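**Student:** Residue numbers (the entry's author numbering), protein chains in the order written: chain A, 10 to 405; chain A', 10 to 405. A prime marks a further copy of an entry chain.
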Ligand SMILES: [Zn+2]
Ligand SMILES: [Zn+2]
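#1: Could you compute how far the alpha carbon of residue 154 (chain A) sits from the alpha carbon of residue 37 (chain A)?
#2: Using the Cα positions of residue 237 (chain A) and residue 381 (chain A), report the straight-line distance between them to the nearest angstrom.
#3: Using the rule of at least 16 other Cβ atoms within 10 Å of the residue's Cβ for burial, across every protein chain shown, is residue 159 (chain A') buried or exposed?
#4: Are there 16 or more other CB atoms within 10 angstroms of the CB of residue 311 (chain A), so buried, or fewer, so exposed?
#5: Output yes if chain A' places a C-beta closer than 8 Å to the C-beta of residue 352 (chain A); else output no.
#6: Can you tell which of A:323, A:369, A:318 has its C-alpha closest to the C-alpha of residue 349 (chain A)?
#7: Over the uninterrupted beta strand (DSSP E) stretch that includes residue 294 (chain A'), give me the two end residues.
#8: Taking all protein chains shown into account, decide if residue 334 (chain A) is buried (16 or more other Cβ within 10 angstroms of its Cβ) or exposed.
#9: Quick one: list the residues of chain A neighbouring residue 10 (chain A'), beta-carbon separation under 9 Å, in chain order.
#10: Look up residue 34 (chain A') in the DSSP assignment and give the residues it is bridged to.
#11: Ligand 1 and residue 264 (chain A): does any heavy atom of the ligand fall closer than 7 Å to the residue's C-beta?
#12: Which of the three DSSP states is assigned to residue 338 (chain A) in this structure?
#13: Quick one: does the C-beta of residue 255 (chain A) sit closer than 7 Å to a heavy atom of ligand 1?
#14: Would the stretch 41-52 of chain A' count as touching the stretch 383-403 of chain A if we require 3 or more Cβ pairs under 8 Å?
#15: Is DSSP giving residue 210 (chain A) helix, strand or coil here?
#16: What distance in whole Å lies between the Cβ atoms of residue 201 (chain A) and residue 222 (chain A), which are believed to be in contact at a cut-off of 8 Å?
#17: Hey, does residue 285 (chain A) have any beta-carbon neighbour from chain A' nearer than 8 Å?
#18: Give me the chain A residues within the contact set of residue 247 (chain A'), using Cβ-Cβ distance strictly less than 8 Å, ordered along the chain.
#19: I'd like to confirm something about residue 245 (chain A): is its beta-carbon nearer than 7 Å to some heavy atom of ligand 1, or not?
#20: Specify the secondary structure class of residue 305 (chain A) as computed by DSSP and reduced to three states.
#21: Quick one: residues in its chain with C-beta nearer than 6 Å to the C-beta of residue 19 (chain A'), no 5 flanking neighbours on either side, listed in chain order?
#22: Which whole runs of the alpha helix (DSSP H) in the stretch 176-237 of chain A are 4 residues long or more, in chain order?
#23: Confirm, please, whether the CB-CB distance from residue 59 (chain A') to residue 50 (chain A') is below 8 Å.
#24: Could you tell me the alpha carbon to alpha carbon distance between residue 384 (chain A') and residue 89 (chain A'), rounded to whole angstroms?
#25: Going by other Cβ atoms of all chains shown within 10 Å of its Cβ, with 16 needed for buried, is residue 108 (chain A) buried or exposed?
#26: What are the boundary residues of the beta strand (DSSP E) that residue 156 (chain A) is part of?
#27: Which residues, in chain order, does the stretch 212-244 of chain A' contribute to contact with chain A at a C-beta distance below 9 Å?
#28: Using a C-beta to C-beta distance shorter than 8 Å, which residues of chain A count as neighbours of residue 258 (chain A')?
#29: Which residues in chain A' sit within 9 Å of residue 16 (chain A), going by Cβ to Cβ distance?
#30: Give me the DSSP bridge partner(s) of residue 95 (chain A').
#31: Closest Cβ-Cβ distance between residue 331 (chain A) and chain A': below 8 Å?
#32: Could you round the C-beta distance between residue 87 (chain A) and residue 124 (chain A) to whole angstroms and report it? I think they count as a contact, below 8 Å.
#33: Given a cut-off of 8 Å on the beta-carbon distance, is the pair residue 219 (chain A) and residue 295 (chain A) in contact?
#34: If you reduce the DSSP assignment to three classes, tell me which class residue 331 (chain A') lands in.
#35: Can the beta-carbon of residue 85 (chain A') be found closer than 8 Å to that of residue 142 (chain A')?
#36: Alpha carbon to alpha carbon, what distance is there between residue 64 (chain A) and residue 31 (chain A)?
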């Protein structure tokens with residue numbers, strides 16, 4: 010099982026990244042014997058996952074012999090996001106590109122009702138888009154919360170009332186397809202490594218700034234997930250010893266000063282105290298509004314964003330110290346004020362981590378944010394490279 | 010190569026932990042076909058790494074047929090520590106137990122001279138202990154500093170003047186034996202998982218308190234090392250925003266308050282300022298002296314240890330937040346005052362990490378500290394289980 014799987018993935022990754030490629034070149038690059046290369050490629054050819062123009066075809070039809078390449082056309086997968094009060098279902102081509110996507114509002118809260126609705130929506134999707142669906146190989150689903158990826162179990166999550174929902178097994182039962190379930194921040198860090206702005210390093214950290222604060226840590230080309238998909242959670246690191254009480258019951262947690270709500274609340278408090286701002290007449294201040302005010306030079310909004318940067322910089326300095334990453338990516342709507350935020354983050358990184366660690370350290374914006382299903386695409390790409398999905402497709 | 014290797018290690022680990030065991034039981038447990046089990050066990054038997062009493066032997070010699078067991082007797086390895094101003098060479102039996110150990114004082118500083126001395130000492134060891142040496146399979150070496158384990162390269166280290174010393178390749182050239190090189194803190198965390206006080210969990214953190222402060226992080230049964238063997242370094246995390254200048258040039262680093270030197274310096278300063286203590290007449294105060302004073306009820310020493318615990322607790326709370334470990338181990342001479350230190354650490358853990366994360370969280374003393382070569386023993390045991398060393402032994 011795991012025997013063939015690993016080598017099949019290694020060979021397929023070489024073909025995907027380096028094709029058209031000869032069997033002899035695959036043998037040299039993979040360090041596998043020609044006999045092994047032959048057996049692996051034959052299974053992949055017969056499954057129509059890869060293709061070549063053979064010598065016999067070349068002579069027969071009067072065109073050049075061409076080395077092995079991935080045969081993505083016709084192959085597809087579903088990538089889903091279970092978000093706060095909604096479900097996104099997207100159809101992707103195997104290479105990762107979105108073909109169709111729909112966002113469905115979800116007013117269910119309790120586990121059984123959420124699951125019933127989600128399966129109904131998958132069924133409806135297959136019926137509605139039947140003509141555009143071809144060879145669907147798998148389903149990926151990403152979501153906030155505690156997720157056991159190995160088992161496909163959501164232990165608990167924001168918004169919904171969930172306790173150990175067997176999301177992967179349930180979707181697999183309803184579809185017969187392999188299902189890949191992951192925490193969204195962790196899967197997003199993988200998408201940045203496979204498709205995004207951390208392709209150039211094997212050691213990086215993605216900092217997700219939204220409702221909560223989380224780091225998706227890539228070490229040696231793979232994301233750290235853990236049994237609960239929570240490796241890298243930043244929100245309950247104490248950053249102010251004498252700070253506000255957190256929902257967790259402790260004081261001075263990062264999320265008391267750096268969550269979307271905490272930033273909006275700060276702006277609201279300073280305006281109420283009589284600090285001047287272009288936001289002082291605005292109803293229902295959003296993070297977008299704050300970022301647009303700061304970007305446009307509003308002293309109060311600038312100051313609020315800089316303070317946020319200092320706190321983020323402190324948390325990021327911690328991660329740098331522990332992981333020695335080669336790159337830092339920032340993701341979230343807060344990137345709309347990056348000209349203001351980044352210098353604040355960077356100065357605190359310089360002051361709170363080793364010079365040698367942060368010397369050539371790029372601080373950059375993530376490629377993805379509103380592409381909610383690209384994280385699921387990354388899970389599928391990595392399952393092809395791990396050989397897991399290849400064997401499922403070969404097996405039938 | 011990697012094909013056979015992985016399965017050979019999986020089978021060998023089953024035999025080591027569960028033998029005497031039948032081939033059918035190995036087939037069921039490993040999920041490998043009998044044909045594969047046969048091929049793997051045959052190579053391991055012929056290499057004399059495992060043994061059984063076959064049916065033919067049982068009938069022939071009138072004793073019971075006995076399932077496969079590891080055949081450790083006769084097999085050995087060397088485990089070395091390059092410490093500050095010394096080299097320890099120990100001969101171990103393959104199961105991990107020490108047979109001979111010697112500590113050699115080393116007054117060399119520069120890379121070339123250090124390496125020349127170390128190879129001379131290995132040569133001398135083989136000659137001196139020739140009668141006690143049997144089948145030496147490998148050499149493990151652990152040391153403080155930045156270590157690339159994959160390559161066997163020491164990038165830099167304390168005490169010695171080192172820059173990218175190819176320690177593994179050089180020892181391999183001088184001996185023909187496989188060489189396993191690792192950072193000492195990381196290899197120690199592995200020894201605790203394989204031989205020590207974290208055998209019962211797959212997710213743990215070892216906190217090493219000595220010259221520096223480091224966490225050896227075990228995730229899913231394996232230690233996080235990184236390309237530089239420095240994943241988990243704690244010493245330059247800023248724990249006091251308005252603190253002492255560190256050797257790194259930044260202010261308020263953990264090692265400014267928690268290194269062995271910083272503790273001794275605190276005691277020295279408070280006595281000079283006129284604070285009463287049983288240590289106030291003692292020349293050359295050691296950490297052992299401070300711990301013995303605290304354990305014996307000296308108010309000043311107690312207060313110094315409690316303050317240390319608060320700072321360690323803050324750093325450990327950070328690691329808990331990021332990793333959600335199932336167990337925390339503390340290693341170092343400071344364990345001589347654990348009755349005083351641990352409650353201080355624990356209260357700060359409660360106040361600076363999620364209740365759910367630290368509820369059933371045991372804080373315990375490490376099994377090893379003065380067993381300087383047990384970390385190297387762990388590297389060898391894990392290389393057997395990974396199958397790497399098995400294949401080297403089979404290959405001849
Ligand atoms: Zn909190
Ligand atoms: Zn420092």
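Every residue gets a Cβ at the ideal spot worked out from N, C-alpha and C, and that includes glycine.
**Tutor:** So, from the listed chains and residues:
#1: Position 145 of the first chain, counted from the start, is the residue given in the question as residue 154 (chain A). Position 28 of the first chain, counted from the start, is the residue given in the question as residue 37 (chain A). Distance between the alpha carbons of residue 154 (chain A) and residue 37 (chain A) is about 43 Å.
#2: Within the first chain, the letter at position 228 stands for residue 237 (chain A). Within the first chain, the letter at position 372 stands for residue 381 (chain A). So the alpha carbons of these two residues sit roughly 21 Å apart.
#3: Taking the second chain and counting its residues from 1, one reaches residue 159 (chain A') at position 150. With fewer than 16 Cβ atoms within 10 Å of its Cβ, residue 159 (chain A') is classed as exposed.
#4: Position 302 of the first chain, counted from the start, is the residue given in the question as residue 311 (chain A). That one is buried.
#5: The residue labelled residue 352 (chain A) in the question sits at position 343 within the first chain. Taking Cβ atoms only, chain A' never reaches closer than 8 Å to residue 352 (chain A), which makes this a no.
#6: One-based indexing of the first chain puts residue 349 (chain A) at position 340. Cα-wise, what sits closest to residue 349 (chain A) is A:318.
#7: Your numbering for residue 294 (chain A') matches position 285 in the second chain. Run containing residue 294 (chain A'): none; DSSP gives neither H nor E here.
#8: In the first chain, counting from the first residue as 1, residue 334 (chain A) sits at position 325. Buried, because 16 or more other Cβ atoms sit within 10 Å of the Cβ of residue 334 (chain A).
#9: Taking the first residue of the second chain as 1, we reach residue 10 (chain A') at position 1. The answer, in chain order, is 40, 41.
#10: On the second chain, position 25 is the one that residue 34 (chain A') refers to. According to DSSP, residue 34 (chain A') bridges with nothing at all.
#11: Residue 264 (chain A) sits at position 255 when you count from the first residue of the first chain. Correct: residue 264 (chain A) has its Cβ closer than 7 Å to ligand 1.
#12: To locate residue 338 (chain A), count along the first chain from 1; it is residue 329. Residue 338 (chain A) falls in the strand class under three-state DSSP.
#13: Taking the first chain and counting its residues from 1, the one referred to as residue 255 (chain A) is at position 246. True, at least one ligand heavy atom lies under 7 Å from that Cβ.
#14: no
#15: The count along the first chain starts at 1 and reaches residue 210 (chain A) at position 201. Of the three classes helix, strand and coil, the one that applies to residue 210 (chain A) here is coil, per DSSP.
#16: Locating residue 222 (chain A) in the first chain gives position 213, counting from the first residue. Locating residue 201 (chain A) in the first chain gives position 192, counting from the first residue. So it is not a contact: roughly 17 Å between Cβ atoms.
#17: For the purposes of this step, residue 285 (chain A) is identified with residue 276 of the first chain, where counting begins at 1. Cβ-Cβ to chain A' under 8 Å: no for residue 285 (chain A).
#18: Against the second chain, residue 247 (chain A') aligns to sequence position 238. Under the 8 Å cutoff, chain A gives 323, 326, 360, 361.
#19: Walking along the first chain from the start, residue 245 (chain A) turns up at place 236. Within the cutoff, so yes.
#20: As a position in the first chain, residue 305 (chain A) is number 296, starting the count at 1. Correct three-state label for residue 305 (chain A): coil.
#21: Position 10 of the second chain, counting from 1, holds the residue named residue 19 (chain A'). So the list reads 39, once near-sequence residues are dropped.
#22: 176-184, 193-204
#23: Sequence index remark: in the second chain, residue 50 (chain A') carries index 41 (1-based). Sequence index remark: in the second chain, residue 59 (chain A') carries index 50 (1-based). Yes, they are a contact pair.
#24: What you label residue 384 (chain A') is simply residue 375 of the second chain in a count that begins at 1. What you label residue 89 (chain A') is simply residue 80 of the second chain in a count that begins at 1. Each residue's Cα considered, the two are about 9 Å apart.
#25: Here residue 108 (chain A) is taken as the residue at index 99 of the first chain, counted from 1. It counts as exposed.
#26: In the first chain, the residue the question calls residue 156 (chain A) occupies position 147. It spans 155-157 - the beta strand (DSSP E) in which residue 156 (chain A) sits, taken as one unbroken run.
#27: 212, 224, 226, 228, 229, 233, 235, 236, 237, 239, 240, 241, 242, 243, 244
#28: Stepping through the second chain from its first residue, residue 258 (chain A') is reached at position 249. 364, listed in chain order.
#29: Along the first chain, read from residue 1 onward, the residue named residue 16 (chain A) stands at position 7. The contacting residues are 11, 12.
#30: Taking the first residue of the second chain as position 1, residue 95 (chain A') is located at position 86. A':92, A':114.
#31: Along the first chain, read from residue 1 onward, the residue named residue 331 (chain A) stands at position 322. Yes - at least one Cβ of chain A' is within 8 Å of the one on residue 331 (chain A).
#32: Start at 1 with the first residue of the first chain, and residue 87 (chain A) comes out as number 78. Start at 1 with the first residue of the first chain, and residue 124 (chain A) comes out as number 115. Not really, about 16 Å apart at Cβ, beyond 8 Å.
#33: Within the first chain, numbered from 1, the residue matching residue 219 (chain A) stands at position 210. Within the first chain, numbered from 1, the residue matching residue 295 (chain A) stands at position 286. Not closer than 8 Å, so no.
#34: Numbered from 1 along the second chain, position 322 holds the residue referred to as residue 331 (chain A'). The answer is helix: DSSP assigns residue 331 (chain A') an H, G or I state.
#35: Counted from its first residue, the second chain places residue 85 (chain A') at position 76. Counted from its first residue, the second chain places residue 142 (chain A') at position 133. Result yes, Cβ atoms of residue 85 (chain A') and residue 142 (chain A') sit closer than 8 Å.
#36: Residue mapping note: residue 31 (chain A) aligns to position 22 of the first chain, counting from 1. Residue mapping note: residue 64 (chain A) aligns to position 55 of the first chain, counting from 1. One C-alpha to the other measures close to 12 Å.
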